[PDB]
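S.K.: I'd like to ask some things about the structure below.
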Amino acid sequence: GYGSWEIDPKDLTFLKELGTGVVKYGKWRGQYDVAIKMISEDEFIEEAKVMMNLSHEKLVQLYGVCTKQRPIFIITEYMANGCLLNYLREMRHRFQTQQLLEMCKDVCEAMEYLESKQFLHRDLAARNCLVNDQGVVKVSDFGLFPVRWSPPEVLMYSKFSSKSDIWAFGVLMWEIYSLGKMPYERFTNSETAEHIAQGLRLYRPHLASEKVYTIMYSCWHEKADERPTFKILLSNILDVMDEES
Ligand SMILES: Cc1ccccc1-n1ncc(C(=O)c2cccc(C3CCN(S(C)(=O)=O)CC3)c2)c1N
């Protein structure tokens with residue numbers, strides 16, 4: 001069994017549908033808001049297995065699993081403000097410019113945890129983060145081609161490492177400060193690939209100060225070994241936060 005992670009499906013009260021495996025909102029024992037993912041069977045449950053070993057306040061938290069019933073459920077904490085990408089596009093009336101860097105910090109704390117566990121995300125993007133009722137950003141979908149979030153060594157030789165997560169984080173910062181624009185907005189993936197290899201980088205978004213841009217820019221160093229760690233980036237972000245607020 002999955003031990004204490006096994007949830008009784010009869011403690012769930014399904015309330016609203018959120019998308020379509022199948023994602024719904026509900027309550028667990030009339031008390032806690034949850035998101036519920038419905039469903040191959042063996043590879044679906046892998047997401048949950050990864051999530052049983054990773055726990056952080058900026059990482060979407062597994063609550064449990066229902067595996068003794070078809071279909072199988074995955075249950076997690078509920079993120080009321082949904083996807084970070086849509087939030088950045090549709091919910092600007094709800095956050096200040098200073099808060100953009102706080103969103104960055106939330107993601108950076110999650111990524112520093114993952115990095116310390118020697119665990120790669122491989123798909124870090126605004127689309128793969130979620131936002132709770134307080135505007136706290138959390139990394140999601142880490143239990144499960146993104147050309148626009150990839151460094152050249154990934155594009156050219158499928159060289160995945162901590163430094164490929166670092167590159168994508170920089171692109172995520174760019175997404176945040178550009179209020180959810182698609183990176184390389186006038187290029188196809190193929191053109192993006194070509195231009196990246198030639199050393200073209202994303203421009204400084206208007207809302208980003210020079211200090212902030214330096215932080216995202218450092219994530220895009222051509223040499224993977226020259227890119228910082230999440231530990232370094234977290235310290236860079238706190239520093240700028242102290243200065244710019
Ligand atoms: C069930 C699950 C298992 C493992 C990892 C993550 C989740 N998960 N899925 C949705 C949510 C949410 O909290 C959530 C709450 C409200 C809204 C939304 C949106 C996000 C984007 N999706 S989508 C993928 O259809 O575009 C629509 C619904 C998501 C959440 N925590």
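Going by the structure tokens order, chains are called A, B, ..., each with residues numbered from 1, while ligands are numbered from 1 in the order shown.
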Hey, which bits of chain A sit within 9 Å of ligand 1, and for each residue what's the closest pair of atoms and how far apart in Å (one decimal), counting only C-alpha atoms and all ligand atoms, rows by chain and increasing number, as CSV?

M.R.:
residue,atom,partner,partner_atom_place_in_ligand_line,distance
A:17,CA,ligand 1,28 (C),8.4
A:18,CA,ligand 1,28 (C),4.6
A:19,CA,ligand 1,25 (O),4.2
A:20,CA,ligand 1,25 (O),6.0
A:22,CA,ligand 1,1 (C),8.6
A:23,CA,ligand 1,9 (N),6.0
A:24,CA,ligand 1,10 (C),7.4
A:25,CA,ligand 1,15 (C),6.9
A:34,CA,ligand 1,13 (O),7.0
A:35,CA,ligand 1,1 (C),4.6
A:36,CA,ligand 1,1 (C),4.3
A:37,CA,ligand 1,1 (C),4.1
A:38,CA,ligand 1,1 (C),7.9
A:47,CA,ligand 1,4 (C),7.0
A:48,CA,ligand 1,4 (C),7.1
A:51,CA,ligand 1,4 (C),8.2
A:60,CA,ligand 1,31 (N),6.1
A:61,CA,ligand 1,31 (N),7.6
A:62,CA,ligand 1,4 (C),6.9
A:73,CA,ligand 1,1 (C),8.3
A:74,CA,ligand 1,3 (C),5.6
A:75,CA,ligand 1,1 (C),5.6
A:76,CA,ligand 1,31 (N),5.3
A:77,CA,ligand 1,31 (N),5.5
A:78,CA,ligand 1,13 (O),3.8
A:79,CA,ligand 1,13 (O),3.6
A:80,CA,ligand 1,16 (C),4.9
A:81,CA,ligand 1,16 (C),6.1
A:82,CA,ligand 1,17 (C),3.7
A:83,CA,ligand 1,20 (C),4.4
A:84,CA,ligand 1,20 (C),8.2
A:85,CA,ligand 1,21 (C),8.9
A:86,CA,ligand 1,21 (C),8.2
A:127,CA,ligand 1,21 (C),7.7
A:128,CA,ligand 1,21 (C),8.4
A:129,CA,ligand 1,20 (C),8.6
A:130,CA,ligand 1,13 (O),6.8
A:131,CA,ligand 1,13 (O),7.9
A:132,CA,ligand 1,13 (O),7.6
A:140,CA,ligand 1,5 (C),5.7
A:141,CA,ligand 1,5 (C),5.4
A:142,CA,ligand 1,5 (C),7.9
A:143,CA,ligand 1,5 (C),7.4
A:144,CA,ligand 1,5 (C),8.7

S.K.: Name the residues in contact with residue A:64 at a cut-off of 6 Å, using only C-alpha atoms, excluding same-chain residues fewer than 5 positions from it; report them as a compact mmCIF listing (two decimals) with N, CA, C and O atoms, in the first residue's frame.

M.R.:
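Result file follows (selection.txt):
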# COMPACT_ATOMS: atom_id res chain seq x y z
N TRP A 5 -0.54 7.76 2.91
CA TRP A 5 -0.95 8.54 1.73
C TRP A 5 -2.28 8.08 1.14
O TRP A 5 -2.88 8.80 0.34
N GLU A 6 -2.75 6.90 1.53
CA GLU A 6 -4.03 6.38 1.03
C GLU A 6 -5.24 7.11 1.60
O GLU A 6 -5.50 7.08 2.80
N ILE A 7 -5.97 7.77 0.71
CA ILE A 7 -7.16 8.54 1.07
C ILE A 7 -8.43 7.71 0.84
O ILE A 7 -8.51 6.95 -0.12
N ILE A 75 -4.88 13.62 -5.13
CA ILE A 75 -5.41 14.75 -4.35
C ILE A 75 -4.27 15.63 -3.85
O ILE A 75 -3.30 15.14 -3.26

S.K.: Extract the full set of helix (DSSP H, G or I) residues from stretch 66-148 of chain A according to DSSP on the backbone, and format it as a PyMOL selection string.

M.R.: chain A and resi 84-90+92-94+97-116+126-128+147-148

S.K.: Put those residues in a file: N, CA and C atoms, as a tab-separated table (two decimals), in the first residue's frame.

M.R.:
chain	number	residue	atom	x	y	z
A	84	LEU	N	-0.23	30.35	-13.04
A	84	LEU	CA	0.52	31.60	-12.97
A	84	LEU	C	0.48	32.39	-14.29
A	85	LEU	N	0.54	31.68	-15.41
A	85	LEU	CA	0.47	32.31	-16.73
A	85	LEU	C	-0.82	33.11	-16.91
A	86	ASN	N	-1.96	32.48	-16.63
A	86	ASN	CA	-3.25	33.16	-16.71
A	86	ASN	C	-3.37	34.29	-15.67
A	87	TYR	N	-2.86	34.05	-14.47
A	87	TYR	CA	-2.79	35.07	-13.43
A	87	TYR	C	-2.03	36.32	-13.90
A	88	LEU	N	-0.85	36.12	-14.48
A	88	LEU	CA	-0.06	37.23	-15.03
A	88	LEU	C	-0.76	37.99	-16.17
A	89	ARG	N	-1.58	37.28	-16.93
A	89	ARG	CA	-2.32	37.88	-18.03
A	89	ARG	C	-3.64	38.52	-17.59
A	90	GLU	N	-4.37	37.84	-16.71
A	90	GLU	CA	-5.77	38.16	-16.43
A	90	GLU	C	-6.03	38.82	-15.08
A	92	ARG	N	-3.94	41.23	-13.21
A	92	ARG	CA	-2.97	42.30	-12.92
A	92	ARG	C	-3.49	43.36	-11.94
A	93	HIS	N	-4.81	43.47	-11.84
A	93	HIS	CA	-5.44	44.40	-10.91
A	93	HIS	C	-5.23	43.97	-9.45
A	94	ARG	N	-4.61	42.80	-9.27
A	94	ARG	CA	-4.50	42.20	-7.94
A	94	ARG	C	-3.09	42.16	-7.35
A	97	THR	N	3.93	46.00	-8.66
A	97	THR	CA	5.22	45.73	-9.31
A	97	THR	C	6.25	45.07	-8.38
A	98	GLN	N	6.31	45.52	-7.13
A	98	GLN	CA	7.17	44.91	-6.10
A	98	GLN	C	6.89	43.43	-5.91
A	99	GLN	N	5.65	43.01	-6.17
A	99	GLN	CA	5.25	41.63	-5.96
A	99	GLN	C	5.74	40.67	-7.05
A	100	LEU	N	6.04	41.21	-8.22
A	100	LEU	CA	6.63	40.42	-9.31
A	100	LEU	C	7.89	39.70	-8.85
A	101	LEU	N	8.73	40.39	-8.08
A	101	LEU	CA	9.97	39.81	-7.58
A	101	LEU	C	9.74	38.81	-6.45
A	102	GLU	N	8.64	38.99	-5.72
A	102	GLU	CA	8.21	38.03	-4.70
A	102	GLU	C	7.78	36.72	-5.34
A	103	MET	N	7.05	36.81	-6.45
A	103	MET	CA	6.70	35.63	-7.25
A	103	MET	C	7.96	34.89	-7.69
A	104	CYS	N	8.96	35.64	-8.16
A	104	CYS	CA	10.26	35.07	-8.53
A	104	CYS	C	10.89	34.33	-7.36
A	105	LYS	N	10.82	34.93	-6.17
A	105	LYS	CA	11.42	34.36	-4.96
A	105	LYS	C	10.74	33.06	-4.56
A	106	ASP	N	9.41	33.03	-4.63
A	106	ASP	CA	8.63	31.84	-4.36
A	106	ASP	C	9.13	30.68	-5.22
A	107	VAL	N	9.18	30.90	-6.53
A	107	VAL	CA	9.65	29.88	-7.45
A	107	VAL	C	11.10	29.51	-7.15
A	108	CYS	N	11.93	30.51	-6.86
A	108	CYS	CA	13.35	30.26	-6.59
A	108	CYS	C	13.58	29.42	-5.33
A	109	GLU	N	12.72	29.59	-4.32
A	109	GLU	CA	12.81	28.80	-3.10
A	109	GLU	C	12.43	27.36	-3.38
A	110	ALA	N	11.42	27.17	-4.22
A	110	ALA	CA	11.01	25.82	-4.63
A	110	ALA	C	12.13	25.13	-5.41
A	111	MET	N	12.77	25.87	-6.30
A	111	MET	CA	13.80	25.31	-7.15
A	111	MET	C	15.08	24.99	-6.39
A	112	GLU	N	15.39	25.81	-5.38
A	112	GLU	CA	16.53	25.56	-4.49
A	112	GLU	C	16.35	24.29	-3.66
A	113	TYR	N	15.12	24.04	-3.22
A	113	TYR	CA	14.77	22.79	-2.58
A	113	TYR	C	14.99	21.62	-3.54
A	114	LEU	N	14.36	21.67	-4.72
A	114	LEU	CA	14.54	20.61	-5.73
A	114	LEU	C	16.00	20.32	-6.03
A	115	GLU	N	16.78	21.39	-6.23
A	115	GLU	CA	18.20	21.29	-6.55
A	115	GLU	C	18.97	20.58	-5.43
A	116	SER	N	18.63	20.90	-4.18
A	116	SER	CA	19.27	20.24	-3.04
A	116	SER	C	18.92	18.76	-2.98
A	126	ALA	N	5.97	29.45	-16.51
A	126	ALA	CA	4.84	30.07	-15.85
A	126	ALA	C	3.59	29.20	-15.95
A	127	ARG	N	3.40	28.52	-17.09
A	127	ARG	CA	2.27	27.59	-17.26
A	127	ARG	C	2.27	26.45	-16.24
A	128	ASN	N	3.44	26.12	-15.68
A	128	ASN	CA	3.58	24.98	-14.76
A	128	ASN	C	3.75	25.39	-13.30
A	147	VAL	N	10.80	24.52	-26.33
A	147	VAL	CA	11.98	25.12	-26.95
A	147	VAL	C	12.32	26.50	-26.35
A	148	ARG	N	11.28	27.28	-26.05
A	148	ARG	CA	11.46	28.65	-25.56
A	148	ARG	C	12.02	28.76	-24.14

S.K.: Write out as CSV a residue-level contact list of stretch 202-239 of chain A versus stretch 152-157 of chain A with cut-off 9 Å: for each qualifying residue the closest pair of atoms and the distance in Å to one decimal, counting only C-alpha atoms, rows sorted by chain and residue number upward.

M.R.:
residue,atom,partner,partner_atom,distance
A:222,CA,A:152,CA,7.5
A:223,CA,A:153,CA,8.9
A:224,CA,A:153,CA,8.1

S.K.: With DSSP run on the backbone, what are the strand (DSSP E) residues within stretch 10-221 of chain A? I'd like them as a PyMOL selection string.

M.R.: chain A and resi 12-19+22-28+32-38+62-66+73-77+129-131+137-139

S.K.: I need the residues from that last selection saved to file as a short mmCIF file (atom, residue, chain, number, x, y, z; two decimals), in the first residue's frame (with N, CA, C and O atoms), if you can.

M.R.:
data_model
loop_
_atom_site.label_atom_id
_atom_site.label_comp_id
_atom_site.auth_asym_id
_atom_site.auth_seq_id
_atom_site.Cartn_x
_atom_site.Cartn_y
_atom_site.Cartn_z
N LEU A 12 -14.23 12.60 0.13
CA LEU A 12 -14.23 13.67 -0.87
C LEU A 12 -15.64 14.10 -1.25
O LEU A 12 -16.55 13.28 -1.39
N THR A 13 -15.81 15.41 -1.39
CA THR A 13 -17.04 16.01 -1.89
C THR A 13 -16.68 16.84 -3.12
O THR A 13 -16.15 17.94 -2.99
N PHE A 14 -16.94 16.28 -4.30
CA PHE A 14 -16.67 16.95 -5.58
C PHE A 14 -17.61 18.14 -5.77
O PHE A 14 -18.82 18.01 -5.60
N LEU A 15 -17.04 19.29 -6.12
CA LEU A 15 -17.80 20.54 -6.19
C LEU A 15 -17.84 21.20 -7.56
O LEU A 15 -18.92 21.57 -8.04
N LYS A 16 -16.68 21.35 -8.20
CA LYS A 16 -16.59 22.02 -9.50
C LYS A 16 -15.54 21.38 -10.39
O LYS A 16 -14.54 20.85 -9.90
N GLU A 17 -15.76 21.44 -11.70
CA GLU A 17 -14.76 20.97 -12.67
C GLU A 17 -13.85 22.12 -13.09
O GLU A 17 -14.29 23.27 -13.19
N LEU A 18 -12.58 21.82 -13.33
CA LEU A 18 -11.57 22.85 -13.60
C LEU A 18 -10.87 22.67 -14.94
O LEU A 18 -10.22 23.60 -15.43
N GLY A 19 -11.00 21.48 -15.53
CA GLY A 19 -10.34 21.15 -16.80
C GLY A 19 -10.25 19.66 -17.07
O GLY A 19 -10.62 18.84 -16.22
N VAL A 22 -8.51 14.24 -15.83
CA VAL A 22 -9.60 15.14 -15.42
C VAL A 22 -9.29 15.82 -14.08
O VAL A 22 -8.92 15.16 -13.11
N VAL A 23 -9.47 17.14 -14.03
CA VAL A 23 -9.16 17.94 -12.84
C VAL A 23 -10.41 18.61 -12.27
O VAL A 23 -11.12 19.33 -12.98
N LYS A 24 -10.67 18.37 -10.98
CA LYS A 24 -11.84 18.92 -10.30
C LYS A 24 -11.47 19.57 -8.96
O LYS A 24 -10.44 19.24 -8.37
N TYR A 25 -12.30 20.51 -8.51
CA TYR A 25 -12.18 21.07 -7.16
C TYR A 25 -13.19 20.40 -6.22
O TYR A 25 -14.31 20.08 -6.62
N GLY A 26 -12.77 20.18 -4.97
CA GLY A 26 -13.65 19.62 -3.95
C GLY A 26 -13.21 19.92 -2.53
O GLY A 26 -12.33 20.75 -2.31
N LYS A 27 -13.85 19.26 -1.57
CA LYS A 27 -13.41 19.31 -0.17
C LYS A 27 -13.07 17.92 0.36
O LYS A 27 -13.69 16.93 -0.03
N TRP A 28 -12.07 17.86 1.24
CA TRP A 28 -11.69 16.64 1.94
C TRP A 28 -12.23 16.72 3.36
O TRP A 28 -11.92 17.68 4.08
N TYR A 32 -11.14 20.74 4.13
CA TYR A 32 -10.03 21.25 3.33
C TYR A 32 -10.35 21.30 1.85
O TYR A 32 -10.85 20.34 1.28
N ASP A 33 -10.04 22.44 1.24
CA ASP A 33 -10.08 22.58 -0.20
C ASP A 33 -8.95 21.75 -0.79
O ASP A 33 -7.83 21.75 -0.27
N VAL A 34 -9.27 21.02 -1.85
CA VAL A 34 -8.29 20.22 -2.58
C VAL A 34 -8.53 20.36 -4.08
O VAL A 34 -9.62 20.73 -4.51
N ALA A 35 -7.50 20.08 -4.86
CA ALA A 35 -7.69 19.77 -6.27
C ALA A 35 -7.56 18.26 -6.42
O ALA A 35 -6.76 17.63 -5.71
N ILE A 36 -8.36 17.69 -7.31
CA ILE A 36 -8.38 16.25 -7.53
C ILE A 36 -8.12 15.95 -9.00
O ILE A 36 -8.86 16.42 -9.87
N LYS A 37 -7.08 15.17 -9.28
CA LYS A 37 -6.79 14.74 -10.64
C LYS A 37 -7.25 13.30 -10.86
O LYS A 37 -6.82 12.39 -10.16
N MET A 38 -8.13 13.12 -11.84
CA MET A 38 -8.63 11.81 -12.24
C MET A 38 -7.89 11.35 -13.48
O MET A 38 -7.50 12.16 -14.32
N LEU A 62 1.20 17.23 -2.31
CA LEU A 62 0.37 16.03 -2.32
C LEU A 62 -0.34 15.85 -0.98
O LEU A 62 0.27 15.97 0.09
N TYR A 63 -1.65 15.61 -1.03
CA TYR A 63 -2.42 15.29 0.17
C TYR A 63 -2.59 13.78 0.29
O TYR A 63 -2.47 13.21 1.38
N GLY A 64 -2.84 13.12 -0.84
CA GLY A 64 -2.93 11.67 -0.86
C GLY A 64 -3.35 11.10 -2.19
O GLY A 64 -3.43 11.81 -3.19
N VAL A 65 -3.63 9.79 -2.19
CA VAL A 65 -4.02 9.06 -3.40
C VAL A 65 -5.18 8.10 -3.15
O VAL A 65 -5.34 7.59 -2.04
N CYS A 66 -5.99 7.88 -4.18
CA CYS A 66 -7.03 6.86 -4.16
C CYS A 66 -6.73 5.83 -5.25
O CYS A 66 -6.93 6.11 -6.44
N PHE A 73 -7.58 8.57 -8.33
CA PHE A 73 -7.48 10.00 -8.01
C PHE A 73 -6.11 10.35 -7.45
O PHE A 73 -5.52 9.57 -6.70
N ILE A 74 -5.63 11.54 -7.80
CA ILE A 74 -4.56 12.20 -7.07
C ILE A 74 -5.14 13.46 -6.42
O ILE A 74 -5.82 14.24 -7.08
N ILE A 75 -4.88 13.62 -5.13
CA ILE A 75 -5.41 14.75 -4.35
C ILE A 75 -4.27 15.63 -3.85
O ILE A 75 -3.30 15.14 -3.26
N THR A 76 -4.39 16.94 -4.07
CA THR A 76 -3.38 17.89 -3.60
C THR A 76 -4.00 19.14 -3.02
O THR A 76 -5.21 19.35 -3.12
N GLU A 77 -3.17 20.00 -2.43
CA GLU A 77 -3.61 21.34 -2.05
C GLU A 77 -4.22 22.08 -3.23
O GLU A 77 -3.80 21.92 -4.39
N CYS A 129 3.37 26.63 -13.00
CA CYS A 129 3.27 27.12 -11.64
C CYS A 129 1.82 27.45 -11.30
O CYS A 129 1.02 27.75 -12.18
N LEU A 130 1.50 27.41 -10.02
CA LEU A 130 0.14 27.72 -9.57
C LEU A 130 0.17 28.78 -8.48
O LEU A 130 1.20 29.01 -7.84
N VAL A 131 -0.98 29.43 -8.28
CA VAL A 131 -1.08 30.54 -7.34
C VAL A 131 -2.25 30.32 -6.37
O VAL A 131 -3.37 30.07 -6.80
N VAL A 137 3.00 31.90 -5.10
CA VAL A 137 3.30 31.07 -6.26
C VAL A 137 4.00 29.77 -5.83
O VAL A 137 4.88 29.78 -4.97
N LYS A 138 3.58 28.67 -6.43
CA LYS A 138 4.14 27.35 -6.14
C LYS A 138 4.42 26.59 -7.43
O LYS A 138 3.68 26.69 -8.39
N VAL A 139 5.52 25.84 -7.44
CA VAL A 139 5.89 25.03 -8.59
C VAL A 139 5.03 23.77 -8.63
O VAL A 139 4.80 23.11 -7.61
#

S.K.: Which is closest to residue A:173 among A:69, A:214, A:245, A:31, if we use only C-alpha atoms?

M.R.: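 Residue with the minimum atom-to-atom distance to residue A:173: A:214.
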
S.K.: For a test of reading the model, state the distance in Å between atom CA of residue A:235 and atom CA of residue A:91, rounded to one decimal.

M.R.: 28.1 Å

S.K.: Name the closest residue to residue A:96 among the candidates A:2, A:177, A:44, A:217; distances are taken between atoms, counting only C-alpha atoms.

M.R.: A:177

S.K.: Can you work out the spacing between atom CA of residue A:67 and atom CA of residue A:45 in Å, to one decimal?

M.R.: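 Distance reported for this atom pair: 8.6 Å.
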
S.K.: Which of these residues is nearest to residue A:212, using only C-alpha atoms: A:174, A:184, A:95, A:230?

M.R.: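 Answer, going by the shortest atom-to-atom distance: A:174.
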
S.K.: Can you work out which one of A:226, A:210, A:185, A:57 has the shortest atom-to-atom distance to residue A:136, counting only C-alpha atoms?

M.R.: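 For residue A:136, the nearest of the candidates is A:57.
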